[PDB]
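# Commentary on secondary and tertiary structure
Here are the chains, one letter per residue:
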Amino acid sequence: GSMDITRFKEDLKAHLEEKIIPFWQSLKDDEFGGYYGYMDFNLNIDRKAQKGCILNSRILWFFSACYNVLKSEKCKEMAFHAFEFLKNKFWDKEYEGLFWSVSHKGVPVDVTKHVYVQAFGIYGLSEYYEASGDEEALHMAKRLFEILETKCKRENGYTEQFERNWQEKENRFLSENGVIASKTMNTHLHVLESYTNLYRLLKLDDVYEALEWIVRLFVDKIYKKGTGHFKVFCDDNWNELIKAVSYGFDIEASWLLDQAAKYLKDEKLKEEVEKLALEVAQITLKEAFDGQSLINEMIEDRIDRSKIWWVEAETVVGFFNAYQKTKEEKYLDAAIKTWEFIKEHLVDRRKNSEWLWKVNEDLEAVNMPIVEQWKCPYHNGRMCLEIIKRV
Ligand SMILES: OC[C@H]1O[C@@H](O)[C@@H](O)[C@@H](O)[C@@H]1O
Ligand SMILES: OC[C@H]1O[C@@H](O)[C@@H](O)[C@@H](O)[C@@H]1O
Ligand SMILES: OC[C@H]1O[C@@H](O)[C@@H](O)[C@@H](O)[C@@H]1O
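Counting of residues begins from 1 for each chain and follows its sequence as written, which need not mirror the entry numbering; any residue without coordinates is not displayed. Whichever chain is written first becomes A and whichever ligand is written first becomes 1, with later ones labelled in order. Side-chain descriptors were evaluated using all non-hydrogen atoms of the structure, hydrogens and water having been removed beforehand.

Regarding how it was determined, this PDB entry cites X-ray crystallography in its header, along with a resolution of 1.700 Å.

The protein is annotated in the PDB entry as Cellobiose 2-epimerase from Caldicellulosiruptor saccharolyticus. UniProt positions are given in the numbering used here, feature names are shortened, and annotations may be inferred rather than shown by experiment. As stated in UniProt under Catalytic activity (unreviewed entry), the record for the protein gives "D-cellobiose = beta-D-glucosyl-(1->4)-D-mannopyranose". The Function (unreviewed entry) field of the UniProt record for the protein holds the comment "Catalyzes the reversible epimerization of cellobiose to 4-O-beta-D-glucopyranosyl-D-mannose (Glc-Man)."

This is the structure:
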């Protein structure tokens, strides 16, 4: 540790408590339950917006984790609110598992079952169980895990999209030329993430075996050996549809794999994964860190230098994690500089706001929502919570 690292933690903790937590508390929907689904760039909440399950589970995870780390009783109450809406509106009582989306009143809008949604459900429900002791949350988390393992898993990963009654179908995620990606890194990344949290709290042998299995999948099939990059969108056999690098996915995967590795009982695999995580962090720092912040992606030979909120959040955690493992100050410097970038260019200066979705390559704000089905408190909230836990 150091004076810089201590001040870094204190700055992030203050930011979480004074900016992020009160903002998401203001999205609480006390008329219909859950949290409002949309807030535009002008800070206007669309109270009637459809409510995405992933967003609700991310809010459940966030408030639960805030309670677990900060012991804020208000956060526990906010988590309960998200949990009630999950169990009452997103949980399918007839066929089990979580709907994709509901209306602002909770009427099912999209009842298909996606592994991406189920994974975030496990992640949020397991965190909420730690916060509350609610064995209903535990039961739903275990049931989601059982369904993924017994209905969705295949020899080379998970089939990602199902009908409401769990009959498989083609995926809903597309390449930028419109070809269905039957295997996606971000679906499988969040399975890994949720299984790590579930095993951390339960330590059951079935969960451990599934955690080792998905870690092995990342090492053997998803990682592009020798490149520091993971495949993004693939066919059913983990062949890339396009040569795409997502620097944000890479650096997130780096520290999530390193975290899962701490539970591995296979020493060989553990050493492989810890080595992989570091190789990714090093290549991310070399290729994607511009001295201020991380760029977004490269699709074939076209580089997107936009600064995206979640990319920068995961960069802070991934570089700090690499610093903890290597003690090489270059990673610590990159992590703090990225935070200083976030503070100056992505934290919204307006009252009653939070983080901007992105700024462009010239650091200009782009009209994008502050809250949306894909913009959550989870990436940036977790950035603060991780540093608090690790320092
Ligand atoms: O503070 C909110 C206001 O901030 C400004 O930048 C504009 O986008 C306004 O339309 C918006 O209402
Ligand atoms: O799925 C629920 C939605 O279904 C639509 O067809 C409309 O009736 C909406 O008012 C409703 O919110
Ligand atoms: O559209 C999915 C996107 O949603 C965002 O919130 C992030 O989690 C990204 O990692 C992801 O690519």
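There is more to say after this.
## Focus on the packing of aromatic side chains
Pairing of aromatic side chains requires ring centres within 6.5 Å, counting the rings of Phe and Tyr and the six-membered ring of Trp. Pairs whose planes differ by under 30 degrees are stacked, by over 60 edge-to-face, and all others tilted. Taken as a whole, this structure holds 28 aromatic pairs when the rule is applied. For the pair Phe 85 and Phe 90, a centre-to-centre distance of 5.5 Å together with 80° between the ring planes defines the contact as edge-to-face. Partly exposed residues are those whose accessible area sits between 20% and 50% of the maximum for their type, while under 20% is buried and over 50% is exposed, using a 1.4 Å probe and protein chains only. Judged by its relative accessible area of 0%, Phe 90 falls in the buried class. When the centroid spacing of 6.2 Å and the interplanar angle of 80° are considered together, the rings of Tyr 158 and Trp 213 count as edge-to-face. Linking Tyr 158 in strand 6 (residues 157–158) with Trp 213 in helix 7 (residues 205–222), this pair joins segments that are 55 residues apart in sequence. By relative accessible area, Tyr 158 is classed as buried at 0%. Should the NZ of a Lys or the CZ of an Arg lie within 6 Å of a ring centre and within 35 degrees of the ring normal, that charge is described as sitting over the ring. The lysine or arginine in question, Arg 350, covers the ring of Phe 41, its NZ or CZ lying 4.7 Å from the ring centre. Taking NZ or CZ as reference, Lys 375 lies 5.3 Å from the ring centre of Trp 309, over its face. Secondary structure follows DSSP: runs of H or I at least 4 residues long count as helices, runs of E at least 2 residues long count as strands, and numbering of each begins at the N terminus.

## Overview of the sheet that holds strand 7 (residues 161–162)
Strand pairs in the sheet, formed through backbone hydrogen bonds, run parallel or antiparallel to each other. Paired strands are those between which DSSP finds at least two bridges. What the three strands build is an open sheet, ordered 4-7-8; its pairing is antiparallel. A strand with exactly one partner marks an edge of an open sheet, and here the two such strands are strand 4 (113–114) and strand 8 (168–169). Note: strand 4 against strand 7, two bridges, orientation antiparallel. Following the sheet pairing, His 114 is matched in strand 7 by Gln 161.

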